[PDB]
Amino acid sequence: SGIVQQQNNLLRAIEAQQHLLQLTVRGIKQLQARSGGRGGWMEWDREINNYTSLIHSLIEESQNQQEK
Amino acid sequence: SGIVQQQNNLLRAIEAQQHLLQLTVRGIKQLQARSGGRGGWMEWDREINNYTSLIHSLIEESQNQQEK
Amino acid sequence: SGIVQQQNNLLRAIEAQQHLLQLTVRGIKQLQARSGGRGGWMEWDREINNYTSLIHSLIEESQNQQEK
């Protein structure tokens, strides 16, 4: 412990930041929507999805073997 | 030290990311404002505030006992 | 290793979050643009650039001596 009780907090902070990140993307999405568009943002969405997937995978594997 | 000098950098990076996060939320807010709305975004604001509060608490407790 | 294989994952997660952060800023920028403005957001851009620079520096120095 000690140094380990820190890597848990750092991970909790990252997990929460991700919730803030997904909140701002939703906000941006509703903003593009109500002003036409949303058709040319297809590639933008793809990149967001891909990076969110990579992070979720990173967080899951970190939550995993942190207990051992 | 060594592994500890890393958890300080990782924390500094998280603290700065949070400043970038709060900058984008302000940008989104001024965007919703100048286009009517801002009345139906009450719940959105609540979630943002709550998550920002959780992070600030996480960062503060990490800054704390990192010295010991 | 062990505790170290975690600080690599935590760093990878931060690096990816930064890519998500830069994606949302681009989205916000294209939103301000197509609606006039972008002239009064000069100071906003400055702060974003400065914080992105600080993070890139933090990430680079963390990637560096993590091998030793």
# chains A, B, ... in the order shown; residues from 1 in each chain; ligands from 1
>>> closest_atom_pairs(of="chain B", to="chain C", cutoff="7 Å", atoms="only C-alpha atoms", output="CSV")
residue,atom,partner,partner_atom,distance
B:6,CA,C:62,CA,6.5
B:9,CA,C:58,CA,6.3
B:10,CA,C:11,CA,7.0
B:13,CA,C:55,CA,5.6
B:16,CA,C:51,CA,6.5
B:20,CA,C:48,CA,6.4
B:24,CA,C:25,CA,6.6
B:28,CA,C:28,CA,7.0
>>> select_by_dssp(residues="chain A", states="alpha helix (DSSP H)", output="compact mmCIF listing (two decimals) with N, CA and C atoms, in the first residue's frame")
# COMPACT_ATOMS: atom_id res chain seq x y z
N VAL A 4 0.39 2.55 -3.58
CA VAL A 4 -0.73 1.88 -4.26
C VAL A 4 -2.07 2.57 -4.03
N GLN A 5 -2.24 3.17 -2.86
CA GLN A 5 -3.47 3.86 -2.52
C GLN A 5 -3.56 5.13 -3.34
N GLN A 6 -2.47 5.44 -4.04
CA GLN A 6 -2.41 6.63 -4.87
C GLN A 6 -2.81 6.30 -6.29
N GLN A 7 -2.36 5.14 -6.75
CA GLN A 7 -2.67 4.72 -8.10
C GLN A 7 -4.15 4.36 -8.22
N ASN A 8 -4.85 4.27 -7.09
CA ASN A 8 -6.27 3.96 -7.10
C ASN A 8 -7.00 5.28 -7.27
N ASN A 9 -6.50 6.30 -6.59
CA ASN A 9 -7.08 7.63 -6.65
C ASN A 9 -6.86 8.21 -8.04
N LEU A 10 -5.66 8.03 -8.57
CA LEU A 10 -5.32 8.53 -9.90
C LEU A 10 -6.23 7.88 -10.93
N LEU A 11 -6.54 6.60 -10.71
CA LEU A 11 -7.42 5.86 -11.62
C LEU A 11 -8.87 6.32 -11.47
N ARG A 12 -9.28 6.61 -10.24
CA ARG A 12 -10.64 7.07 -9.98
C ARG A 12 -10.83 8.43 -10.64
N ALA A 13 -9.79 9.26 -10.59
CA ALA A 13 -9.84 10.60 -11.18
C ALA A 13 -9.95 10.53 -12.70
N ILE A 14 -9.28 9.54 -13.30
CA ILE A 14 -9.29 9.34 -14.75
C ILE A 14 -10.66 8.85 -15.18
N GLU A 15 -11.23 7.95 -14.39
CA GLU A 15 -12.54 7.39 -14.67
C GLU A 15 -13.61 8.48 -14.65
N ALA A 16 -13.47 9.42 -13.72
CA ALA A 16 -14.44 10.52 -13.58
C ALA A 16 -14.25 11.55 -14.68
N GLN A 17 -13.00 11.78 -15.07
CA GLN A 17 -12.69 12.73 -16.13
C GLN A 17 -13.34 12.24 -17.41
N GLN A 18 -13.34 10.92 -17.59
CA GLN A 18 -13.93 10.28 -18.76
C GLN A 18 -15.43 10.54 -18.79
N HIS A 19 -16.05 10.63 -17.62
CA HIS A 19 -17.48 10.89 -17.55
C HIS A 19 -17.73 12.34 -17.93
N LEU A 20 -16.77 13.21 -17.62
CA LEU A 20 -16.89 14.63 -17.96
C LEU A 20 -16.67 14.78 -19.46
N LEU A 21 -15.77 13.96 -20.00
CA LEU A 21 -15.45 13.97 -21.43
C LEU A 21 -16.64 13.53 -22.26
N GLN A 22 -17.32 12.48 -21.80
CA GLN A 22 -18.48 11.98 -22.52
C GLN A 22 -19.67 12.93 -22.39
N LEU A 23 -19.66 13.77 -21.35
CA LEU A 23 -20.73 14.73 -21.15
C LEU A 23 -20.57 15.89 -22.13
N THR A 24 -19.33 16.32 -22.35
CA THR A 24 -19.06 17.42 -23.26
C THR A 24 -19.27 17.02 -24.72
N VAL A 25 -19.03 15.75 -25.04
CA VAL A 25 -19.23 15.26 -26.40
C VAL A 25 -20.72 15.24 -26.72
N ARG A 26 -21.53 14.88 -25.72
CA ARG A 26 -22.97 14.84 -25.88
C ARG A 26 -23.46 16.27 -26.09
N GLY A 27 -22.86 17.19 -25.34
CA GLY A 27 -23.24 18.58 -25.46
C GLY A 27 -22.90 19.12 -26.83
N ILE A 28 -21.75 18.73 -27.35
CA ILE A 28 -21.32 19.18 -28.67
C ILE A 28 -22.24 18.60 -29.73
N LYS A 29 -22.57 17.32 -29.58
CA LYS A 29 -23.44 16.62 -30.51
C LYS A 29 -24.82 17.26 -30.65
N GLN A 30 -25.41 17.66 -29.54
CA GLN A 30 -26.73 18.28 -29.57
C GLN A 30 -26.63 19.67 -30.19
N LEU A 31 -25.43 20.25 -30.15
CA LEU A 31 -25.19 21.57 -30.71
C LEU A 31 -25.04 21.52 -32.22
N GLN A 32 -24.39 20.47 -32.72
CA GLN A 32 -24.21 20.31 -34.16
C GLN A 32 -25.56 19.95 -34.77
N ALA A 33 -26.27 19.06 -34.09
CA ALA A 33 -27.58 18.61 -34.54
C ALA A 33 -28.53 19.76 -34.84
N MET A 42 -19.55 12.48 -39.49
CA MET A 42 -19.47 11.03 -39.41
C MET A 42 -18.08 10.54 -39.04
N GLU A 43 -17.06 11.13 -39.66
CA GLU A 43 -15.68 10.75 -39.39
C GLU A 43 -15.26 11.17 -37.98
N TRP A 44 -15.77 12.31 -37.53
CA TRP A 44 -15.47 12.84 -36.20
C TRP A 44 -15.99 11.87 -35.14
N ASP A 45 -17.20 11.38 -35.36
CA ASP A 45 -17.84 10.43 -34.45
C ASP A 45 -17.03 9.15 -34.37
N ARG A 46 -16.56 8.68 -35.52
CA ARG A 46 -15.77 7.46 -35.60
C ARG A 46 -14.53 7.53 -34.72
N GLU A 47 -13.81 8.65 -34.80
CA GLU A 47 -12.60 8.85 -34.01
C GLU A 47 -12.93 8.91 -32.52
N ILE A 48 -14.02 9.58 -32.17
CA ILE A 48 -14.44 9.68 -30.78
C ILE A 48 -14.75 8.29 -30.22
N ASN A 49 -15.54 7.52 -30.97
CA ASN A 49 -15.92 6.18 -30.56
C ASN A 49 -14.68 5.33 -30.34
N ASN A 50 -13.78 5.35 -31.32
CA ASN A 50 -12.54 4.57 -31.25
C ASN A 50 -11.68 4.90 -30.04
N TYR A 51 -11.56 6.18 -29.72
CA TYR A 51 -10.75 6.60 -28.58
C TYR A 51 -11.44 6.32 -27.25
N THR A 52 -12.77 6.33 -27.26
CA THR A 52 -13.50 6.05 -26.04
C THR A 52 -13.37 4.56 -25.75
N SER A 53 -13.34 3.77 -26.81
CA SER A 53 -13.20 2.33 -26.69
C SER A 53 -11.83 1.96 -26.16
N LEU A 54 -10.81 2.65 -26.64
CA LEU A 54 -9.45 2.38 -26.20
C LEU A 54 -9.29 2.70 -24.73
N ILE A 55 -9.91 3.80 -24.29
CA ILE A 55 -9.83 4.21 -22.89
C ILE A 55 -10.56 3.25 -21.96
N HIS A 56 -11.77 2.85 -22.36
CA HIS A 56 -12.56 1.92 -21.57
C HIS A 56 -11.77 0.64 -21.37
N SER A 57 -11.06 0.21 -22.41
CA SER A 57 -10.24 -0.99 -22.35
C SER A 57 -9.07 -0.79 -21.39
N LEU A 58 -8.48 0.40 -21.44
CA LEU A 58 -7.35 0.74 -20.58
C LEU A 58 -7.77 0.79 -19.12
N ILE A 59 -8.94 1.37 -18.87
CA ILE A 59 -9.47 1.48 -17.51
C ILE A 59 -9.83 0.12 -16.94
N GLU A 60 -10.46 -0.72 -17.75
CA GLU A 60 -10.87 -2.06 -17.33
C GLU A 60 -9.69 -2.94 -16.95
N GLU A 61 -8.62 -2.88 -17.74
CA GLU A 61 -7.43 -3.68 -17.48
C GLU A 61 -6.65 -3.15 -16.28
N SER A 62 -6.86 -1.88 -15.95
CA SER A 62 -6.19 -1.27 -14.82
C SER A 62 -6.95 -1.60 -13.53
N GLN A 63 -8.28 -1.63 -13.63
CA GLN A 63 -9.12 -1.96 -12.48
C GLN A 63 -8.83 -3.41 -12.12
N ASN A 64 -8.70 -4.23 -13.15
CA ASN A 64 -8.43 -5.65 -13.01
C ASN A 64 -7.29 -5.99 -12.06
>>> atom_distance(atom1="CA of residue 36 in chain A", atom2="CA of residue 39 in chain B")
21.0 Å
>>> atom_distance(atom1="CA of residue 67 in chain C", atom2="CA of residue 2 in chain C")
13.9 Å
>>> decode(residues="range 2-68 of chain A", atoms="C-alpha atoms", output="PDB file, in the first residue's frame")
ATOM      1  CA  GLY A   2       0.946   3.657   0.360  1.00  0.00           C
ATOM      2  CA  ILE A   3       2.083   4.232  -3.209  1.00  0.00           C
ATOM      3  CA  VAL A   4      -0.727   1.885  -4.258  1.00  0.00           C
ATOM      4  CA  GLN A   5      -3.471   3.859  -2.522  1.00  0.00           C
ATOM      5  CA  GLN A   6      -2.414   6.634  -4.873  1.00  0.00           C
ATOM      6  CA  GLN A   7      -2.673   4.715  -8.100  1.00  0.00           C
ATOM      7  CA  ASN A   8      -6.272   3.963  -7.100  1.00  0.00           C
ATOM      8  CA  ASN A   9      -7.077   7.630  -6.646  1.00  0.00           C
ATOM      9  CA  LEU A  10      -5.319   8.527  -9.897  1.00  0.00           C
ATOM     10  CA  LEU A  11      -7.417   5.863 -11.618  1.00  0.00           C
ATOM     11  CA  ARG A  12     -10.635   7.069  -9.980  1.00  0.00           C
ATOM     12  CA  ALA A  13      -9.838  10.596 -11.180  1.00  0.00           C
ATOM     13  CA  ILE A  14      -9.291   9.341 -14.747  1.00  0.00           C
ATOM     14  CA  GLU A  15     -12.536   7.392 -14.673  1.00  0.00           C
ATOM     15  CA  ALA A  16     -14.440  10.520 -13.579  1.00  0.00           C
ATOM     16  CA  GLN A  17     -12.686  12.734 -16.131  1.00  0.00           C
ATOM     17  CA  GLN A  18     -13.927  10.283 -18.757  1.00  0.00           C
ATOM     18  CA  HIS A  19     -17.478  10.893 -17.547  1.00  0.00           C
ATOM     19  CA  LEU A  20     -16.889  14.627 -17.957  1.00  0.00           C
ATOM     20  CA  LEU A  21     -15.447  13.970 -21.426  1.00  0.00           C
ATOM     21  CA  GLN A  22     -18.480  11.977 -22.518  1.00  0.00           C
ATOM     22  CA  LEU A  23     -20.732  14.734 -21.150  1.00  0.00           C
ATOM     23  CA  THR A  24     -19.060  17.425 -23.265  1.00  0.00           C
ATOM     24  CA  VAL A  25     -19.227  15.262 -26.401  1.00  0.00           C
ATOM     25  CA  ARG A  26     -22.972  14.837 -25.881  1.00  0.00           C
ATOM     26  CA  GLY A  27     -23.242  18.583 -25.460  1.00  0.00           C
ATOM     27  CA  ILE A  28     -21.315  19.176 -28.666  1.00  0.00           C
ATOM     28  CA  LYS A  29     -23.439  16.622 -30.512  1.00  0.00           C
ATOM     29  CA  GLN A  30     -26.730  18.281 -29.575  1.00  0.00           C
ATOM     30  CA  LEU A  31     -25.194  21.572 -30.706  1.00  0.00           C
ATOM     31  CA  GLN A  32     -24.209  20.315 -34.156  1.00  0.00           C
ATOM     32  CA  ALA A  33     -27.583  18.606 -34.540  1.00  0.00           C
ATOM     33  CA  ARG A  34     -29.747  21.688 -33.975  1.00  0.00           C
ATOM     34  CA  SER A  35     -28.126  23.667 -36.782  1.00  0.00           C
ATOM     35  CA  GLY A  36     -28.297  21.165 -39.621  1.00  0.00           C
ATOM     36  CA  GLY A  37     -25.096  19.175 -40.067  1.00  0.00           C
ATOM     37  CA  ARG A  38     -24.380  15.873 -38.310  1.00  0.00           C
ATOM     38  CA  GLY A  39     -23.801  14.335 -41.718  1.00  0.00           C
ATOM     39  CA  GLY A  40     -20.297  15.623 -42.274  1.00  0.00           C
ATOM     40  CA  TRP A  41     -19.370  14.765 -38.685  1.00  0.00           C
ATOM     41  CA  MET A  42     -19.473  11.029 -39.407  1.00  0.00           C
ATOM     42  CA  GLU A  43     -15.675  10.748 -39.390  1.00  0.00           C
ATOM     43  CA  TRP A  44     -15.466  12.837 -36.200  1.00  0.00           C
ATOM     44  CA  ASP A  45     -17.841  10.434 -34.448  1.00  0.00           C
ATOM     45  CA  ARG A  46     -15.765   7.458 -35.599  1.00  0.00           C
ATOM     46  CA  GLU A  47     -12.602   8.855 -34.009  1.00  0.00           C
ATOM     47  CA  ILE A  48     -14.437   9.682 -30.778  1.00  0.00           C
ATOM     48  CA  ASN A  49     -15.916   6.178 -30.560  1.00  0.00           C
ATOM     49  CA  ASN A  50     -12.543   4.571 -31.247  1.00  0.00           C
ATOM     50  CA  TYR A  51     -10.748   6.600 -28.585  1.00  0.00           C
ATOM     51  CA  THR A  52     -13.503   6.053 -26.040  1.00  0.00           C
ATOM     52  CA  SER A  53     -13.204   2.325 -26.692  1.00  0.00           C
ATOM     53  CA  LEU A  54      -9.448   2.383 -26.204  1.00  0.00           C
ATOM     54  CA  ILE A  55      -9.828   4.213 -22.885  1.00  0.00           C
ATOM     55  CA  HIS A  56     -12.562   1.924 -21.569  1.00  0.00           C
ATOM     56  CA  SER A  57     -10.244  -0.993 -22.349  1.00  0.00           C
ATOM     57  CA  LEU A  58      -7.351   0.736 -20.582  1.00  0.00           C
ATOM     58  CA  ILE A  59      -9.470   1.485 -17.513  1.00  0.00           C
ATOM     59  CA  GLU A  60     -10.870  -2.057 -17.334  1.00  0.00           C
ATOM     60  CA  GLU A  61      -7.429  -3.683 -17.475  1.00  0.00           C
ATOM     61  CA  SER A  62      -6.189  -1.268 -14.816  1.00  0.00           C
ATOM     62  CA  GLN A  63      -9.120  -1.960 -12.483  1.00  0.00           C
ATOM     63  CA  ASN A  64      -8.432  -5.650 -13.014  1.00  0.00           C
ATOM     64  CA  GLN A  65      -4.940  -6.512 -11.802  1.00  0.00           C
ATOM     65  CA  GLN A  66      -4.668  -3.637  -9.335  1.00  0.00           C
ATOM     66  CA  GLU A  67      -6.060  -5.997  -6.700  1.00  0.00           C
ATOM     67  CA  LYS A  68      -2.983  -8.208  -7.077  1.00  0.00           C
TER      68      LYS A  68
END
